[PDB]
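**Student:** Handing over query.cif, mmCIF, C-alpha atoms.
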```
data_upload
#
loop_
_atom_site.label_atom_id
_atom_site.label_comp_id
_atom_site.auth_asym_id
_atom_site.auth_seq_id
_atom_site.Cartn_x
_atom_site.Cartn_y
_atom_site.Cartn_z
CA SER C 3 -105.63 58.52 -158.81
CA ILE C 4 -102.65 56.47 -157.46
CA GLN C 5 -102.04 57.30 -153.76
CA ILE C 6 -99.45 55.35 -151.70
CA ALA C 7 -98.09 55.99 -148.18
CA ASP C 8 -96.30 52.75 -147.20
CA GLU C 9 -93.52 52.22 -144.66
CA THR C 10 -90.87 49.56 -144.13
CA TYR C 11 -88.59 49.07 -141.10
CA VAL C 12 -84.90 48.86 -142.11
CA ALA C 13 -82.32 47.78 -139.42
CA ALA C 14 -79.68 50.26 -140.73
CA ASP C 15 -78.83 53.97 -140.32
CA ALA C 16 -80.25 56.85 -142.39
CA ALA C 17 -76.89 57.59 -144.16
CA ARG C 18 -76.70 54.08 -145.75
CA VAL C 19 -80.47 53.95 -146.50
CA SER C 20 -80.44 57.37 -148.27
CA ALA C 21 -77.38 56.23 -150.36
CA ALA C 22 -79.16 52.99 -151.51
CA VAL C 23 -82.36 55.01 -152.26
CA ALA C 24 -80.45 57.73 -154.23
CA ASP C 25 -78.78 55.24 -156.73
CA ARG C 26 -80.13 56.41 -160.13
CA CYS C 27 -79.47 52.97 -161.66
CA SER C 28 -81.73 51.50 -158.93
CA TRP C 29 -84.49 53.99 -159.96
CA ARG C 30 -84.44 52.44 -163.47
CA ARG C 31 -84.81 48.88 -162.08
CA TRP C 32 -87.47 49.88 -159.51
CA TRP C 33 -89.63 52.12 -161.74
CA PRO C 34 -88.95 51.11 -165.36
CA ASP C 35 -91.95 53.04 -166.83
CA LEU C 36 -91.33 56.28 -164.80
CA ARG C 37 -88.94 59.17 -165.48
CA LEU C 38 -87.89 60.87 -162.23
CA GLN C 39 -86.50 64.41 -161.87
CA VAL C 40 -85.25 65.47 -158.35
CA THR C 41 -87.11 68.57 -157.04
CA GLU C 42 -85.79 68.25 -153.42
CA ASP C 43 -82.51 66.58 -152.34
CA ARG C 44 -82.87 66.02 -148.50
CA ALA C 45 -79.44 64.33 -147.90
CA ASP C 46 -79.86 61.60 -145.16
CA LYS C 47 -83.68 62.09 -144.74
CA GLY C 48 -84.56 61.12 -148.37
CA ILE C 49 -85.58 62.52 -151.77
CA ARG C 50 -88.57 64.14 -153.59
CA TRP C 51 -89.16 63.74 -157.34
CA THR C 52 -91.46 65.06 -160.04
CA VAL C 53 -92.74 61.98 -161.96
CA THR C 54 -93.28 61.65 -165.75
CA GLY C 55 -93.72 58.63 -168.05
CA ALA C 56 -96.54 56.16 -167.30
CA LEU C 57 -97.63 58.40 -164.35
CA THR C 58 -97.47 62.22 -163.80
CA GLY C 59 -97.27 63.55 -160.22
CA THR C 60 -95.00 63.44 -157.18
CA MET C 61 -93.02 60.65 -155.50
CA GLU C 62 -91.02 60.86 -152.27
CA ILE C 63 -88.96 58.75 -149.87
CA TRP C 64 -88.66 60.16 -146.32
CA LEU C 65 -86.55 58.41 -143.62
CA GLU C 66 -86.99 58.73 -139.82
CA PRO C 67 -85.20 56.89 -136.99
CA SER C 68 -87.20 54.04 -135.35
CA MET C 69 -86.25 51.07 -133.14
CA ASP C 70 -82.72 49.90 -134.26
CA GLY C 71 -82.96 51.63 -137.70
CA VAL C 72 -85.36 53.77 -139.82
CA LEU C 73 -88.86 53.79 -141.19
CA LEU C 74 -88.57 54.19 -144.99
CA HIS C 75 -91.73 56.10 -146.03
CA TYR C 76 -92.64 55.50 -149.73
CA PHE C 77 -95.10 58.18 -151.04
CA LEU C 78 -96.75 58.41 -154.49
CA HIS C 79 -99.46 60.84 -155.67
CA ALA C 80 -99.76 60.54 -159.47
CA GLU C 81 -102.26 60.19 -162.32
CA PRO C 82 -102.06 58.07 -165.50
CA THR C 83 -100.29 60.39 -167.91
CA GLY C 84 -102.37 62.39 -170.50
CA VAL C 85 -105.26 59.83 -170.46
CA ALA C 86 -108.70 60.69 -171.80
CA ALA C 87 -111.75 60.22 -169.56
CA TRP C 88 -112.74 57.15 -171.69
CA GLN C 89 -109.33 55.49 -170.97
CA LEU C 90 -109.45 56.29 -167.21
CA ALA C 91 -112.93 54.63 -167.10
CA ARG C 92 -111.42 51.32 -168.39
CA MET C 93 -108.61 51.26 -165.74
CA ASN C 94 -108.74 49.20 -162.51
CA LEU C 95 -107.10 51.86 -160.29
CA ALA C 96 -107.11 49.48 -157.24
CA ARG C 97 -105.15 46.82 -159.20
CA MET C 98 -102.80 49.56 -160.49
CA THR C 99 -102.29 50.86 -156.92
CA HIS C 100 -101.57 47.30 -155.70
CA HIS C 101 -98.95 46.81 -158.47
CA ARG C 102 -97.25 50.17 -157.60
CA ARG C 103 -97.31 49.12 -153.88
CA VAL C 104 -95.69 45.74 -154.73
CA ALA C 105 -93.06 47.76 -156.72
CA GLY C 106 -92.51 50.05 -153.67
CA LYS C 107 -92.03 46.90 -151.50
CA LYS C 108 -89.57 45.40 -154.04
CA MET C 109 -87.60 48.68 -153.64
CA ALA C 110 -87.72 48.36 -149.78
CA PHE C 111 -86.83 44.59 -149.75
CA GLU C 112 -83.79 45.19 -152.04
CA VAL C 113 -82.66 48.17 -149.86
CA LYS C 114 -83.24 45.95 -146.72
CA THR C 115 -81.47 42.67 -147.76
CA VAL C 116 -78.50 44.71 -149.18
CA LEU C 117 -77.98 47.04 -146.16
CA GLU C 118 -78.82 44.28 -143.56
CA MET I 1 -87.51 54.31 -189.78
CA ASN I 2 -89.48 53.77 -186.47
CA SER I 3 -89.39 51.34 -183.52
CA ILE I 4 -92.89 49.91 -184.48
CA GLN I 5 -93.61 49.35 -188.20
CA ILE I 6 -96.65 47.40 -189.47
CA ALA I 7 -98.02 46.84 -192.99
CA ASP I 8 -100.69 44.09 -192.99
CA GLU I 9 -103.65 43.29 -195.32
CA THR I 10 -106.96 41.46 -194.83
CA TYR I 11 -109.61 40.66 -197.45
CA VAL I 12 -113.15 41.90 -196.62
CA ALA I 13 -115.94 40.74 -199.02
CA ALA I 14 -117.95 43.98 -198.67
CA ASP I 15 -118.35 47.32 -200.49
CA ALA I 16 -115.57 49.85 -199.92
CA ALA I 17 -118.15 52.36 -198.54
CA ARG I 18 -119.24 49.93 -195.78
CA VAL I 19 -115.63 48.93 -194.95
CA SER I 20 -114.52 52.62 -194.81
CA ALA I 21 -117.51 53.52 -192.60
CA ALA I 22 -116.66 50.69 -190.18
CA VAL I 23 -112.96 51.60 -189.76
CA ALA I 24 -113.86 55.33 -189.42
CA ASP I 25 -116.13 54.68 -186.37
CA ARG I 26 -114.61 56.67 -183.47
CA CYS I 27 -116.19 54.44 -180.79
CA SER I 28 -114.70 51.31 -182.42
CA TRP I 29 -111.24 52.87 -182.15
CA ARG I 30 -111.56 52.84 -178.33
CA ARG I 31 -112.24 49.11 -178.39
CA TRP I 32 -109.53 48.26 -180.91
CA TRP I 33 -106.78 50.55 -179.51
CA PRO I 34 -107.66 51.34 -175.90
CA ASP I 35 -104.15 52.67 -175.07
CA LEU I 36 -104.06 54.97 -178.16
CA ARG I 37 -105.72 58.35 -178.85
CA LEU I 38 -106.32 58.95 -182.56
CA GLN I 39 -106.77 62.23 -184.47
CA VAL I 40 -108.00 62.18 -188.06
CA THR I 41 -105.58 63.87 -190.48
CA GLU I 42 -107.48 62.77 -193.63
CA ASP I 43 -110.75 61.01 -194.35
CA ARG I 44 -110.45 59.56 -197.86
CA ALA I 45 -113.97 58.13 -198.09
CA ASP I 46 -114.05 54.72 -199.89
CA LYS I 47 -110.21 54.67 -199.80
CA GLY I 48 -109.87 54.72 -195.97
CA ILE I 49 -108.40 57.08 -193.38
CA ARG I 50 -105.16 58.59 -192.05
CA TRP I 51 -104.52 59.27 -188.33
CA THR I 52 -101.95 60.69 -185.98
CA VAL I 53 -101.45 58.56 -182.92
CA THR I 54 -100.82 59.68 -179.31
CA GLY I 55 -101.18 57.85 -175.99
CA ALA I 56 -98.92 54.78 -175.57
CA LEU I 57 -97.43 55.32 -179.06
CA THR I 58 -96.64 58.49 -181.05
CA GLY I 59 -96.73 58.26 -184.81
CA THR I 60 -98.98 57.74 -187.84
CA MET I 61 -101.55 55.06 -188.69
CA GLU I 62 -103.53 54.48 -191.89
CA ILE I 63 -106.14 52.27 -193.45
CA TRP I 64 -106.12 51.95 -197.26
CA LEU I 65 -108.69 49.97 -199.24
CA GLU I 66 -107.80 48.39 -202.59
CA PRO I 67 -110.63 46.70 -204.57
CA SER I 68 -110.12 42.91 -204.96
CA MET I 69 -112.43 39.95 -205.63
CA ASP I 70 -115.94 40.75 -204.14
CA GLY I 71 -114.65 43.48 -201.83
CA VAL I 72 -111.46 45.20 -200.70
CA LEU I 73 -108.06 44.49 -199.24
CA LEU I 74 -108.02 46.37 -195.91
CA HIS I 75 -104.42 47.63 -195.55
CA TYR I 76 -103.46 48.44 -191.93
CA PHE I 77 -100.31 50.59 -191.52
CA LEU I 78 -98.63 51.81 -188.31
CA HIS I 79 -95.32 53.71 -187.86
CA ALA I 80 -94.74 54.80 -184.28
CA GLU I 81 -92.48 55.09 -181.26
CA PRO I 82 -93.26 54.38 -177.60
CA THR I 83 -94.37 57.82 -176.38
CA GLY I 84 -91.92 60.12 -174.53
CA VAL I 85 -89.49 57.32 -173.48
CA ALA I 86 -85.89 58.03 -172.50
CA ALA I 87 -83.17 56.28 -174.53
CA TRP I 88 -82.52 54.05 -171.44
CA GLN I 89 -86.19 52.91 -171.48
CA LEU I 90 -86.25 52.25 -175.28
CA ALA I 91 -82.96 50.32 -175.03
CA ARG I 92 -84.65 47.86 -172.51
CA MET I 93 -87.86 47.22 -174.58
CA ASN I 94 -88.51 44.09 -176.70
CA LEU I 95 -89.57 45.96 -179.91
CA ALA I 96 -90.18 42.60 -181.79
CA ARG I 97 -92.66 41.48 -179.10
CA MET I 98 -94.25 44.99 -178.98
CA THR I 99 -94.60 44.97 -182.82
CA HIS I 100 -96.22 41.49 -182.63
CA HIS I 101 -98.79 42.68 -180.08
CA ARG I 102 -99.66 45.73 -182.23
CA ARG I 103 -99.96 43.49 -185.37
CA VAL I 104 -102.35 41.12 -183.51
CA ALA I 105 -104.46 44.18 -182.40
CA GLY I 106 -104.59 45.45 -186.01
CA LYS I 107 -105.66 42.07 -187.29
CA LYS I 108 -108.38 41.84 -184.58
CA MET I 109 -109.76 45.14 -185.87
CA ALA I 110 -109.66 43.80 -189.48
CA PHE I 111 -111.26 40.49 -188.63
CA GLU I 112 -114.03 42.25 -186.60
CA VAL I 113 -114.81 44.48 -189.61
CA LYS I 114 -114.74 41.38 -191.86
CA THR I 115 -117.02 39.41 -189.52
CA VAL I 116 -119.61 42.13 -189.06
CA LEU I 117 -119.82 43.17 -192.76
CA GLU I 118 -119.79 39.62 -194.24
CA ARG I 119 -122.35 38.33 -191.66
CA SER I 120 -125.32 36.57 -193.34
CA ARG I 121 -129.07 37.39 -192.62
CA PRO I 122 -130.37 37.02 -189.00
CA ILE I 123 -132.80 34.02 -188.56
CA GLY I 124 -136.56 34.73 -188.76
CA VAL I 125 -136.07 38.38 -189.75
CA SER I 126 -137.35 39.69 -193.11
CA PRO I 127 -136.59 39.11 -195.84
CA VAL I 128 -136.71 35.25 -195.61
CA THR I 129 -135.54 33.55 -198.88
#
```
Can you turn what I pasted into C-alpha coordinates?

**Tutor:**
Amino acid sequence: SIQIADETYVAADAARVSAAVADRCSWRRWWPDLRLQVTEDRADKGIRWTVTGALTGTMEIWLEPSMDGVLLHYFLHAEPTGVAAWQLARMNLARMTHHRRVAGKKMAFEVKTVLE
Amino acid sequence: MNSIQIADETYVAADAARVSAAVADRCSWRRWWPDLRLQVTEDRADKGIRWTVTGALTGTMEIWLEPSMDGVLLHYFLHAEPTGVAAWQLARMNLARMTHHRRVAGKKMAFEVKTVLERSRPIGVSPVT
(Lines of atoms letter the chains of each structure in order from A and count residues from 1; the text may use other names and numbers.)
(Lines give C-alpha, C1' and ligand atoms only; values in the text may rest on other atoms or scores of the structure.)
Protein backbone atom coordinates (compact mmCIF):
# COMPACT_ATOMS: atom_id res chain seq x y z
CA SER A 1 0.00 0.00 0.00
CA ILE A 2 3.04 2.31 0.60
CA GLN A 3 5.58 1.91 -2.26
CA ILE A 4 8.67 4.18 -2.47
CA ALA A 5 11.74 3.98 -4.76
CA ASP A 6 13.46 7.38 -4.40
CA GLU A 7 17.10 8.30 -5.02
CA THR A 8 19.37 11.11 -3.87
CA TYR A 9 22.85 12.02 -5.17
CA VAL A 10 25.41 12.28 -2.33
CA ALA A 11 28.90 13.75 -3.15
CA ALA A 12 30.68 11.25 -0.81
CA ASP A 13 31.95 7.65 -0.96
CA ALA A 14 29.94 4.50 -0.17
CA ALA A 15 31.91 3.72 3.07
CA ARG A 16 30.90 7.04 4.74
CA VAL A 17 27.31 6.93 3.37
CA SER A 18 26.73 3.34 4.64
CA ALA A 19 28.10 4.38 8.12
CA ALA A 20 25.69 7.39 8.36
CA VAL A 21 22.77 5.17 7.15
CA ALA A 22 23.61 2.34 9.64
CA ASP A 23 23.46 4.61 12.81
CA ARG A 24 20.64 3.02 14.87
CA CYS A 25 20.06 6.30 16.75
CA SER A 26 19.46 7.96 13.35
CA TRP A 27 16.82 5.26 12.57
CA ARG A 28 14.87 6.42 15.67
CA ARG A 29 14.96 10.10 14.54
CA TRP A 30 14.16 9.27 10.88
CA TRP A 31 11.37 6.71 11.46
CA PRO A 32 9.94 7.35 14.94
CA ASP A 33 6.82 5.15 14.44
CA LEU A 34 8.71 2.18 12.83
CA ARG A 35 10.63 -0.66 14.49
CA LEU A 36 13.39 -1.96 12.19
CA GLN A 37 15.09 -5.38 12.38
CA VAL A 38 18.10 -6.00 10.01
CA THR A 39 17.50 -9.02 7.70
CA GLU A 40 20.50 -8.25 5.38
CA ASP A 41 23.69 -6.34 6.33
CA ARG A 42 25.35 -5.37 2.94
CA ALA A 43 28.41 -3.49 4.38
CA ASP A 44 29.25 -0.50 2.04
CA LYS A 45 26.28 -1.10 -0.39
CA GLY A 46 23.54 -0.57 2.27
CA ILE A 47 21.02 -2.37 4.49
CA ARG A 48 17.68 -4.30 4.32
CA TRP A 49 15.17 -4.33 7.19
CA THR A 50 11.93 -6.04 8.15
CA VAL A 51 9.55 -3.24 9.30
CA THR A 52 7.06 -3.35 12.23
CA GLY A 53 5.20 -0.61 14.14
CA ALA A 54 2.98 1.80 12.17
CA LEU A 55 3.82 -0.15 8.96
CA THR A 56 4.60 -3.88 8.31
CA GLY A 57 6.79 -4.79 5.31
CA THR A 58 10.29 -4.26 3.96
CA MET A 59 12.59 -1.22 3.80
CA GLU A 60 16.00 -1.00 2.13
CA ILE A 61 18.81 1.44 1.35
CA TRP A 62 21.07 0.43 -1.58
CA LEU A 63 24.11 2.55 -2.60
CA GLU A 64 25.78 2.63 -6.07
CA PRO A 65 28.61 4.84 -7.37
CA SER A 66 27.52 7.76 -9.62
CA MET A 67 29.20 10.99 -10.77
CA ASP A 68 31.49 12.18 -7.86
CA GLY A 69 29.63 10.08 -5.20
CA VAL A 70 26.69 7.63 -4.85
CA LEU A 71 23.01 7.31 -5.56
CA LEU A 72 21.29 6.52 -2.23
CA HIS A 73 18.25 4.37 -3.18
CA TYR A 74 15.47 4.53 -0.51
CA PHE A 75 12.95 1.63 -0.91
CA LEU A 76 9.76 0.95 1.11
CA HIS A 77 7.08 -1.71 0.49
CA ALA A 78 4.79 -1.83 3.55
CA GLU A 79 1.14 -1.89 4.64
CA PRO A 80 -0.55 -0.13 7.57
CA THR A 81 -0.11 -2.62 10.40
CA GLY A 82 -3.05 -4.97 11.33
CA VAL A 83 -5.71 -2.55 9.93
CA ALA A 84 -9.24 -3.70 9.16
CA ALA A 85 -10.68 -3.11 5.68
CA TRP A 86 -12.93 -0.33 7.16
CA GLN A 87 -9.82 1.54 8.49
CA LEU A 88 -7.86 1.15 5.19
CA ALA A 89 -10.90 2.66 3.36
CA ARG A 90 -10.61 5.87 5.49
CA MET A 91 -6.85 6.33 4.76
CA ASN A 92 -5.45 8.73 2.11
CA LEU A 93 -2.65 6.39 0.92
CA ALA A 94 -1.26 9.09 -1.48
CA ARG A 95 -0.90 11.60 1.40
CA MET A 96 0.67 8.84 3.55
CA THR A 97 3.10 7.95 0.73
CA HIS A 98 4.02 11.65 0.33
CA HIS A 99 4.72 11.95 4.09
CA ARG A 100 6.93 8.77 4.04
CA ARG A 101 8.75 10.22 0.94
CA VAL A 102 9.35 13.55 2.76
CA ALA A 103 10.71 11.44 5.70
CA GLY A 104 13.00 9.52 3.26
CA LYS A 105 14.25 12.90 1.91
CA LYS A 106 14.86 14.22 5.46
CA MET A 107 17.04 11.09 5.95
CA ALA A 108 18.94 11.82 2.66
CA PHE A 109 19.36 15.61 3.37
CA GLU A 110 20.77 14.89 6.88
CA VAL A 111 23.15 12.22 5.44
CA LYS A 112 24.10 14.74 2.64
CA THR A 113 24.75 17.95 4.68
CA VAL A 114 26.70 15.90 7.33
CA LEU A 115 28.95 13.94 4.89
CA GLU A 116 29.35 16.92 2.45
CA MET B 1 -1.41 1.58 36.07
CA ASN B 2 -1.39 2.40 32.26
CA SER B 3 0.02 5.13 29.99
CA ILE B 4 -3.58 6.31 29.04
CA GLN B 5 -6.20 6.43 31.82
CA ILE B 6 -9.62 8.10 31.40
CA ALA B 7 -12.68 8.22 33.68
CA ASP B 8 -15.19 10.83 32.45
CA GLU B 9 -19.00 11.25 32.89
CA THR B 10 -21.71 12.99 30.84
CA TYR B 11 -25.40 13.39 31.68
CA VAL B 12 -27.83 12.10 29.01
CA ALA B 13 -31.56 12.87 29.62
CA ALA B 14 -32.78 9.60 28.03
CA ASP B 15 -33.76 6.08 29.12
CA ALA B 16 -30.88 3.74 29.94
CA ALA B 17 -32.10 1.29 27.23
CA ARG B 18 -31.79 3.95 24.49
CA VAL B 19 -28.40 5.19 25.78
CA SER B 20 -27.04 1.59 26.00
CA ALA B 21 -28.32 0.81 22.49
CA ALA B 22 -26.59 3.92 21.10
CA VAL B 23 -23.15 3.21 22.65
CA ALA B 24 -23.39 -0.50 21.62
CA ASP B 25 -23.76 0.39 17.89
CA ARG B 26 -20.76 -1.21 16.12
CA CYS B 27 -20.89 1.23 13.18
CA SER B 28 -20.78 4.22 15.56
CA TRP B 29 -17.57 2.84 17.07
CA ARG B 30 -15.83 3.28 13.68
CA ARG B 31 -16.78 6.95 13.63
CA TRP B 32 -15.91 7.63 17.26
CA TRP B 33 -12.64 5.63 17.39
CA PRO B 34 -11.40 5.20 13.82
CA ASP B 35 -7.87 4.11 14.90
CA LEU B 36 -9.21 1.50 17.40
CA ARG B 37 -10.66 -2.01 16.86
CA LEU B 38 -13.07 -3.03 19.62
CA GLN B 39 -14.15 -6.52 20.76
CA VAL B 40 -17.08 -6.91 23.13
CA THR B 41 -16.16 -8.74 26.35
CA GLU B 42 -19.53 -8.07 28.06
CA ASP B 43 -22.83 -6.54 27.05
CA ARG B 44 -24.57 -5.46 30.27
CA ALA B 45 -27.80 -4.22 28.68
CA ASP B 46 -29.13 -1.03 30.39
CA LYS B 47 -25.84 -0.81 32.37
CA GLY B 48 -23.53 -0.43 29.32
CA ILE B 49 -20.70 -2.43 27.76
CA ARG B 50 -17.13 -3.65 28.26
CA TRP B 51 -14.56 -3.89 25.42
CA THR B 52 -11.01 -4.95 24.72
CA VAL B 53 -9.18 -2.48 22.55
CA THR B 54 -6.64 -3.18 19.77
CA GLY B 55 -5.37 -1.01 16.90
CA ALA B 56 -3.52 2.18 17.97
CA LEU B 57 -4.06 1.33 21.67
CA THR B 58 -4.14 -2.00 23.55
CA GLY B 59 -6.22 -2.18 26.68
CA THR B 60 -9.76 -2.09 28.08
CA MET B 61 -12.64 0.37 27.61
CA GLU B 62 -16.05 0.51 29.28
CA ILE B 63 -19.28 2.44 29.36
CA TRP B 64 -21.30 2.34 32.60
CA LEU B 65 -24.70 3.98 33.04
CA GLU B 66 -25.86 5.22 36.45
CA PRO B 67 -29.46 6.57 36.72
CA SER B 68 -29.58 10.31 37.58
CA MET B 69 -32.16 13.08 37.12
CA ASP B 70 -34.27 12.30 33.94
CA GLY B 71 -31.70 9.90 32.49
CA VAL B 72 -28.25 8.44 33.12
CA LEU B 73 -24.68 9.45 33.75
CA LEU B 74 -22.72 7.95 30.84
CA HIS B 75 -19.36 6.88 32.37
CA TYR B 76 -16.57 6.51 29.77
CA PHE B 77 -13.50 4.56 30.96
CA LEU B 78 -10.27 3.76 29.07
CA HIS B 79 -7.06 2.06 30.33
CA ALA B 80 -4.58 1.39 27.54
CA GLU B 81 -1.05 1.53 26.18
CA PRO B 82 0.15 2.60 22.73
CA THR B 83 0.17 -0.74 20.87
CA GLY B 84 3.44 -2.72 20.46
CA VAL B 85 5.78 0.28 21.06
CA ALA B 86 9.41 -0.17 22.11
CA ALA B 87 10.47 1.46 25.40
CA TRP B 88 12.44 4.04 23.29
CA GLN B 89 9.21 5.01 21.44
CA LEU B 90 7.10 5.26 24.67
CA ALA B 91 9.83 7.33 26.34
CA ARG B 92 9.50 9.98 23.49
CA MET B 93 5.64 10.26 23.57
CA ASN B 94 3.68 13.11 25.22
CA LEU B 95 1.27 10.86 27.23
CA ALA B 96 -0.55 13.97 28.72
CA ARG B 97 -1.34 15.27 25.20
CA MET B 98 -2.29 11.73 24.02
CA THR B 99 -4.61 11.32 27.06
CA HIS B 100 -6.20 14.73 26.28
CA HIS B 101 -6.91 13.71 22.68
CA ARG B 102 -8.50 10.41 23.82
CA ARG B 103 -10.62 12.29 26.46
CA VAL B 104 -11.87 14.74 23.77
CA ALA B 105 -12.79 11.74 21.51
CA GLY B 106 -14.68 10.07 24.39
CA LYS B 107 -16.58 13.26 25.13
CA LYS B 108 -17.46 13.66 21.41
CA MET B 109 -19.01 10.19 21.53
CA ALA B 110 -20.95 11.12 24.73
CA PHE B 111 -22.16 14.44 23.38
CA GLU B 112 -23.27 12.80 20.06
CA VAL B 113 -25.30 10.22 22.03
CA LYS B 114 -26.72 13.06 24.19
CA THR B 115 -27.60 15.17 21.13
CA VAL B 116 -29.28 12.41 19.18
CA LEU B 117 -31.31 10.98 22.11
CA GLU B 118 -32.40 14.34 23.62
CA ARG B 119 -33.32 15.79 20.17
CA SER B 120 -36.89 17.24 20.12
CA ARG B 121 -39.59 16.34 17.45
CA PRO B 122 -38.83 17.04 13.73
CA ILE B 123 -40.92 19.97 12.28
CA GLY B 124 -44.13 19.09 10.38
CA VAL B 125 -43.90 15.37 11.23
CA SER B 126 -46.63 13.66 13.28
CA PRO B 127 -47.49 13.97 16.03
CA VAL B 128 -47.83 17.83 16.04
CA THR B 129 -48.72 19.21 19.54

**Student:** If you count all atoms listed in the file, which residues fall within 6 Å of segment 48-51 of chain C, apart from same-chain ones fewer than 3 positions away, as a PDB file with C-alpha atoms, keeping the file's coordinate frame?

**Tutor:**
```pdb
ATOM      1  CA  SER C  20     -80.440  57.370-148.270  1.00  0.00           C
ATOM      2  CA  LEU C  38     -87.890  60.870-162.230  1.00  0.00           C
ATOM      3  CA  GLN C  39     -86.500  64.410-161.870  1.00  0.00           C
ATOM      4  CA  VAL C  40     -85.250  65.470-158.350  1.00  0.00           C
ATOM      5  CA  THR C  41     -87.110  68.570-157.040  1.00  0.00           C
ATOM      6  CA  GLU C  42     -85.790  68.250-153.420  1.00  0.00           C
ATOM      7  CA  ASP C  43     -82.510  66.580-152.340  1.00  0.00           C
ATOM      8  CA  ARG C  44     -82.870  66.020-148.500  1.00  0.00           C
ATOM      9  CA  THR C  60     -95.000  63.440-157.180  1.00  0.00           C
ATOM     10  CA  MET C  61     -93.020  60.650-155.500  1.00  0.00           C
ATOM     11  CA  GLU C  62     -91.020  60.860-152.270  1.00  0.00           C
ATOM     12  CA  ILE C  63     -88.960  58.750-149.870  1.00  0.00           C
ATOM     13  CA  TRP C  64     -88.660  60.160-146.320  1.00  0.00           C
ATOM     14  CA  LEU C  65     -86.550  58.410-143.620  1.00  0.00           C
TER      15      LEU C  65
END
```

**Student:** Would you mind listing, as number ranges by chain, all residues of chain I that have at least one atom within 12 Å of chain C, where all atoms listed in the file are what counts?

**Tutor:** I: 26-27, 29-31, 33-38, 54-57, 82-93

**Student:** Report the distance between atom CA of residue 17 of chain C and atom CA of residue 70 of chain C in Å, rounded to one decimal place.

**Tutor:**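 That distance, rounded to one decimal, is 13.8 Å.
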
**Student:** Evaluating the PyMOL selection byres ((chain C and resi 102) around 12) on the displayed file yields which residues, as a ChimeraX atom specification?

**Tutor:** /C:3-8,32-36,56-57,61,76-80,95-101,103-109

**Student:** So, with all atoms listed in the file as the atoms that count, which of C:25, C:112, C:15, C:9 lies closest to residue 46 of chain C?

**Tutor:** C:15

**Student:** Would you mind completing segment 49-75 of chain C to N, CA, C and O atoms and writing the output as a CSV table (one decimal), in the frame of the given file?

**Tutor:**
```
chain,number,residue,atom,x,y,z
C,49,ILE,N,-85.6,62.0,-150.4
C,49,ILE,CA,-85.6,62.5,-151.8
C,49,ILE,C,-87.0,62.7,-152.3
C,49,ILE,O,-87.8,61.9,-151.9
C,50,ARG,N,-87.3,63.8,-153.0
C,50,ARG,CA,-88.6,64.1,-153.6
C,50,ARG,C,-88.4,64.3,-155.1
C,50,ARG,O,-87.4,65.1,-155.5
C,51,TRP,N,-89.2,63.7,-155.9
C,51,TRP,CA,-89.2,63.7,-157.3
C,51,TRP,C,-90.5,64.3,-157.9
C,51,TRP,O,-91.5,64.0,-157.4
C,52,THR,N,-90.3,64.9,-159.1
C,52,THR,CA,-91.5,65.1,-160.0
C,52,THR,C,-91.4,63.9,-161.0
C,52,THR,O,-90.4,63.5,-161.5
C,53,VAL,N,-92.6,63.3,-161.3
C,53,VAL,CA,-92.7,62.0,-162.0
C,53,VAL,C,-93.4,62.2,-163.3
C,53,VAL,O,-94.3,63.0,-163.4
C,54,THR,N,-92.8,61.7,-164.4
C,54,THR,CA,-93.3,61.6,-165.8
C,54,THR,C,-93.1,60.2,-166.3
C,54,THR,O,-92.7,59.3,-165.6
C,55,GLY,N,-93.6,60.0,-167.5
C,55,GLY,CA,-93.7,58.6,-168.0
C,55,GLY,C,-95.1,58.1,-167.9
C,55,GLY,O,-96.1,58.8,-168.3
C,56,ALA,N,-95.2,56.9,-167.4
C,56,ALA,CA,-96.5,56.2,-167.3
C,56,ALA,C,-97.5,56.9,-166.3
C,56,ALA,O,-98.7,56.9,-166.6
C,57,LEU,N,-96.9,57.6,-165.3
C,57,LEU,CA,-97.6,58.4,-164.4
C,57,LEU,C,-97.1,59.8,-164.4
C,57,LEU,O,-95.9,60.0,-164.7
C,58,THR,N,-97.9,60.8,-164.0
C,58,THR,CA,-97.5,62.2,-163.8
C,58,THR,C,-97.9,62.6,-162.4
C,58,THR,O,-99.1,62.4,-162.0
C,59,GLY,N,-97.0,63.1,-161.6
C,59,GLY,CA,-97.3,63.6,-160.2
C,59,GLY,C,-96.0,63.7,-159.4
C,59,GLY,O,-95.0,64.1,-160.0
C,60,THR,N,-96.1,63.3,-158.2
C,60,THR,CA,-95.0,63.4,-157.2
C,60,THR,C,-94.7,62.1,-156.6
C,60,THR,O,-95.7,61.4,-156.3
C,61,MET,N,-93.5,61.8,-156.2
C,61,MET,CA,-93.0,60.6,-155.5
C,61,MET,C,-92.0,61.1,-154.5
C,61,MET,O,-91.3,62.1,-154.7
C,62,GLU,N,-91.9,60.4,-153.4
C,62,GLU,CA,-91.0,60.9,-152.3
C,62,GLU,C,-90.6,59.7,-151.4
C,62,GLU,O,-91.5,58.8,-151.2
C,63,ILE,N,-89.4,59.6,-151.0
C,63,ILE,CA,-89.0,58.8,-149.9
C,63,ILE,C,-88.5,59.7,-148.7
C,63,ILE,O,-87.7,60.6,-149.0
C,64,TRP,N,-89.0,59.4,-147.5
C,64,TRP,CA,-88.7,60.2,-146.3
C,64,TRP,C,-88.3,59.1,-145.3
C,64,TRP,O,-88.9,58.2,-145.1
C,65,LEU,N,-87.1,59.4,-144.6
C,65,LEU,CA,-86.6,58.4,-143.6
C,65,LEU,C,-86.7,59.0,-142.2
C,65,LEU,O,-86.5,60.2,-142.1
C,66,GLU,N,-87.0,58.2,-141.2
C,66,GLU,CA,-87.0,58.7,-139.8
C,66,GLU,C,-86.5,57.6,-138.9
C,66,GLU,O,-86.8,56.4,-139.2
C,67,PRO,N,-85.8,57.9,-137.8
C,67,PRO,CA,-85.2,56.9,-137.0
C,67,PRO,C,-86.3,56.2,-136.2
C,67,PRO,O,-87.3,56.8,-135.9
C,68,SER,N,-86.2,54.9,-136.0
C,68,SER,CA,-87.2,54.0,-135.4
C,68,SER,C,-86.5,52.8,-134.9
C,68,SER,O,-85.8,52.2,-135.7
C,69,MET,N,-86.8,52.3,-133.7
C,69,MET,CA,-86.2,51.1,-133.1
C,69,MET,C,-84.8,51.1,-133.5
C,69,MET,O,-84.1,52.1,-133.2
C,70,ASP,N,-84.2,50.0,-134.0
C,70,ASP,CA,-82.7,49.9,-134.3
C,70,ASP,C,-82.3,50.4,-135.7
C,70,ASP,O,-81.3,50.0,-136.2
C,71,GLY,N,-83.2,51.3,-136.3
C,71,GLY,CA,-83.0,51.6,-137.7
C,71,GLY,C,-83.8,52.8,-138.1
C,71,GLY,O,-83.8,53.8,-137.4
C,72,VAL,N,-84.5,52.7,-139.3
C,72,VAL,CA,-85.4,53.8,-139.8
C,72,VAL,C,-86.7,53.2,-140.3
C,72,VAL,O,-86.7,52.0,-140.6
C,73,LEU,N,-87.7,54.0,-140.3
C,73,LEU,CA,-88.9,53.8,-141.2
C,73,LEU,C,-88.6,54.5,-142.5
C,73,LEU,O,-88.3,55.7,-142.6
C,74,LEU,N,-88.7,53.7,-143.6
C,74,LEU,CA,-88.6,54.2,-145.0
C,74,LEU,C,-90.0,54.5,-145.5
C,74,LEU,O,-90.7,53.5,-145.7
C,75,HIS,N,-90.4,55.7,-145.5
C,75,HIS,CA,-91.7,56.1,-146.0
C,75,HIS,C,-91.7,56.1,-147.6
C,75,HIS,O,-90.8,56.8,-148.1
```
